[PDB]
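Protein chains in written order, with PDB author numbering: chain B, 19 to 156, 162 to 241; chain C, 288 to 498; chain R, 31 to 317.
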């Protein structure tokens, strides 16, 4: 088969703890190519953590990440492992494994394939159900939406009229405050208030499905 | 440790030539990789050693330059190229990535659809207050929003969210929320969000006194 | 726990990463050293095998020396060939490590044996009761090769699984002891030469032994001192910075390989035909 670098799922950790993320290589001789681990935060750009030769076991680390990340290799199952120690909310980021080909002039001259990325979220808060807050003002096309406040973890979906309404559906990016997330959505309906609209939300981790009518004056 | 500074994000149009400039700090001979980070995807290597195409990428990409300044040329463009682009040097061991450039479509400079939304009735019952101003379908990205409070300047705990590029109309959306305690909300009467955009010299006013 | 066999390839990759220019310069130096050692040792092997007839014990020791030098020269580009064509594979990095051990042991002890034979043929002619007798020289060479194998097995291990360094007992029985032997022999020669009462050809033989012993001493102090100095300092001074340790180790390995190119000065003292065939080759090249 073609070269692939599969990775584990998203990991939610606790501050001060340790996590281990695995990158499984397939489709090529594992010991012949370096495996490099690279960071990416949302605010900043990509940051290179280190690399490891699976064959000889030689590892190199970035100066900032030395003593925080540790790279190991299991050659029997052909899998690289990266361990984060003493986790802090700084380290909430997406980590990638890259298959670096060996070179002549430099140690690595190519970075062919990358893993799909593992999202590591460091937060002391536990999972909490959202508390949706419908709100309406009190032209024919009037904006409508609800406020989703105080949920954890990050992934959650908002649906408008159980999918019946799909005109100008704006799910804004969620921000973090006091260790909890808040969400806002908007929609324009010219049939308001003759046709009622519902605020369908669904938290997958909390297994909560809430439908709320906006109501309001008028 | 080399520092790589990329060009600021610029608007692109369908079919016209575009270029992305990556400037290094020290000398990197030919060791710049040019990737492409799409929306929610891993980076895909387009250019290696600053000049050679990757086996699989279309020939519309072309890297060039050596020494300090490097360029990546895309011609023509299609909606599959609207993504991030990162330059990475592999000369010295602390591999440094660039900040990244956001390519995006250009169209007519639409005005924002700004809207006061009142805090809900049961917001006060739970012991809190959150007022929001929502605007959407506007161009350009640099939109200024601020909270006008009884003729006084006011910033504390104001959270702003900006969406990505719209798929069907290529616009932007923005929400601004002010989190205030219910006592301070009920003590005050007049509420406004002042919104200033490139679409008009005259700022757009949208206030809130009681209804 | 990370034996030395792993550590050699790890140091190779680490120098290639951190210092690419120094790594390429050391590659060029190793290539030039391999070329010069190959041509010089091939000429020496041809002269000492197919030309000379009087198989003195010095000739036997020198033949073993050129065999060791040829093996180290052949192992010199094997390191880079394994590092590039078979990177990651560290089991196949054994031949150049064995070349390092051969250069450290066999060259040192065969130079010591040549010096010992030269000394014993100058001051104390014993009548060849125990010395001379080329079977004895063959047995001594075989014992030296067995000692090299035993030293390699004791340092690396049966399967290359010996951790730490354990280097204090090696540099005394491997570098300090031959240095002490050669130093006391050249001191005895100098003391005999200083005392008057020596006839002219005896004085000529003594001073020729002085040149041979001093040349071997210079080779010992140039091509092998940095390696053992680094080995001592990596144990007495673990505070020493890592980049300095890596650079000093690679420079010491380069000089230990330079021993192969610098050895053939001894062959001028061993026999008189070496410069004769050198002149013949020069005349053939000129015309």
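The C-beta atom is built at its ideal place from N, Cα and C for all residues, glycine as well.
{"Query": "Classification of residue 261/R by the beta-carbon crowding that lies within 10 angstroms, buried from 16 upward", "Result": "buried"}
{"Query": "Chain R contacts from the region 107-126 of chain B (Cβ-Cβ distance under 8 Å)", "Result": "120, 122, 123, 124 and 125"}
{"Query": "Complete runs of the beta strand (DSSP E) confined to the region 293-376 of chain C [at least 3 residues]", "Result": "305-315, 319-321, 348-351, 354-361 and 374-376"}
{"Query": "Cutoff 7 Å: residue 129/B Cβ touching any chain C Cβ", "Result": "yes"}
{"Query": "Below-7 Å beta-carbon distance, residue 329/C vs any chain B residue", "Result": "yes"}
{"Query": "Where residue 404/C sits in the DSSP three-state scheme", "Result": "strand"}
{"Query": "Proximal chain R residues relative to residue 76/B, where beta-carbon distance stays under 8 Å", "Result": "39, 40, 43 and 44"}
{"Query": "Ranges of the alpha helix (DSSP H) found wholly within the region 79-162 of chain R, counting only runs of at least 4", "Result": "87-115 and 124-150"}
{"Query": "Any C-beta of chain C under 7 Å from that of residue 207/B", "Result": "yes"}
{"Query": "7 Å Cβ shell around residue 374/R - same chain, five flanking residues per side excluded", "Result": "There is simply no residue 374/R to check, as chain R begins at 31 and stops at 317 in what is shown."}
{"Query": "Any chain R beta carbon closer than 7 Å to residue 71/B", "Result": "yes"}
{"Query": "Length-filtered (4 minimum) alpha helix (DSSP H) runs lying within the region 170-220 of chain R", "Result": "198-201"}
{"Query": "DSSP-derived helix/strand/coil call for residue 226/B", "Result": "strand"}
{"Query": "Identity of the residues DSSP links to residue 391/C by a beta bridge", "Result": "298/C"}
{"Query": "Contact set between residue 50/B and chain R, taken where Cβ atoms lie within less than 8 Å", "Result": "117 and 118"}
{"Query": "Residue range of the beta strand (DSSP E) that includes residue 126/B", "Result": "126-132"}
{"Query": "Cβ of residue 414/C within 7 Å of any chain B Cβ", "Result": "no"}
{"Query": "Euclidean distance between Cα positions of residue 37/R and residue 120/R", "Result": "10 Å"}
{"Query": "Cross-chain neighbours of residue 50/R in chain B, by beta carbon under 9 Å", "Result": "123, 124 and 125"}
{"Query": "Bridge-paired residues (DSSP) for residue 193/B", "Result": "209/B"}
{"Query": "Span separating the alpha-carbon of residue 163/R from that of residue 87/R", "Result": "8 Å"}
{"Query": "C-beta neighbour in chain C for residue 83/B, strict 7 Å", "Result": "no"}
{"Query": "Contact under 7 Å by Cβ, residue 169/B with residue 98/B", "Result": "no"}
{"Query": "Residue 42/R, buried or exposed, once every other Cβ within 10 Å from all chains shown has been counted against 16", "Result": "buried"}
{"Query": "Start-end ranges of the beta strand (DSSP E) lying completely within the region 48-87 of chain B, minimum 3 residues", "Result": "52-58, 64-70 and 77-79"}
{"Query": "Nearest-angstrom Cβ-Cβ length linking residue 168/R and residue 90/R, presumed shorter than 8 Å", "Result": "6 Å"}
{"Query": "Outcome for residue 290/R when other beta-carbon atoms lying within 10 angstroms are tallied against a minimum of 16", "Result": "buried"}
{"Query": "Where residue 430/C falls: helix, strand or coil (DSSP)", "Result": "coil"}
{"Query": "Buried or exposed by the 16-neighbour rule on C-beta atoms within 10 Å, applied to residue 128/B", "Result": "buried"}
{"Query": "Start and end residues, beta strand (DSSP E) containing residue 157/B", "Result": "The residue list of chain B ends a segment at 156 and starts the next at 162, so residue 157/B has no coordinates to report."}
{"Query": "Cutoff 7 Å; reference residue 26/B; Cβ partners in own chain excluding five residues on either side", "Result": "39, 40 and 136"}
{"Query": "Opening and closing residue of the alpha helix (DSSP H) in which residue 312/R lies", "Result": "303-316"}
{"Query": "Alpha helix (DSSP H) runs contained entirely in the region 227-282 of chain R, provided each spans 4 or more residues", "Result": "230-253 and 255-266"}
{"Query": "Residue 184/B at chain C interface by Cβ criterion, 7 Å", "Result": "no"}
{"Query": "Rounded separation between residue 100/R and residue 244/R - CA only", "Result": "24 Å"}
{"Query": "The region 369-387 of chain C: positions lying closer than 8 Å to chain B by Cβ", "Result": "373, 375, 377, 378, 380, 381, 382, 383, 384, 385, 386 and 387"}
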